[PDB]
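Single chain ahead, written as structure tokens, the form deposited in one PDB entry.
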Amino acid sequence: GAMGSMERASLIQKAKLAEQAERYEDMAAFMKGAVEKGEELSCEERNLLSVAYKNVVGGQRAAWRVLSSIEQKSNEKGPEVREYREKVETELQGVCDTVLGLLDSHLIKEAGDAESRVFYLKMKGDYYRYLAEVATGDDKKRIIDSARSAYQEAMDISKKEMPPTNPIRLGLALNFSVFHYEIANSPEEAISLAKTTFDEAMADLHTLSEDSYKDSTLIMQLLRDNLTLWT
């Protein structure tokens, strides 16, 4: 790897610089290098990894949707729209495969605490969900089940080990509800999960400090926003 010669601490420092510079491809490469040092990641380091790859794949997802819409409308201009949509699709799949590779070698198996294990399993669900968004052939069903299985394991741990206001637990429930609605064609499961998550978090807000209250209520507003859209 191109970052094998750089100190772990230097990789983390440069990831933070790249975030400030809005250089998210660089930030992702730096954090990939940090993960490959083999040590477990702190909560702040997991945030750097998450921010970097979410921004990279988010740009690819946005581009893919633009190109897929143009392609759908065209279906004569020749093969160029399909070719270029396929190009972006393959790059997107490559990023998802890279993230899933880091999680499987060996972030998840070394994650023993609830916050680390739930965060990584949520990540695994998210990047399979992104693969599912572009999947069509004999692989779409297996990709969807891989996302479901990762999210479900994360949910089982989070319900046993975290309070209902924990932001990792809340963001996991939010993303699993999006999975149900957008990917698995299960809007009623999505709505049920969103409502139950919101209501249990509401009842636990009284236990929080002002700083944790801010974090929990932000994700709860997103659950509400989706419920408004879905109903």
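The numbering used is simple: start at 1 and walk along the sequence shown. Think of the rigid core as the biggest set of C-alphas that the two forms share within 1.5 Å after superposition.
Just so you know, the form deposited in another entry exists too; it's not on screen, but the next bit is about it.
Once both forms are overlaid on the rigid core, the distance between the two CA positions of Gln13 between the shown form and the other one is under 2 angstroms. Once you line up the core between the shown form and the other one, the Cα of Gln221 stays within less than 2 Å of where it was.
With a cut-off of 2 Å and the rigid core superposed, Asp211 has a Cα displacement that reaches or exceeds the cut-off between the shown form and the other one.
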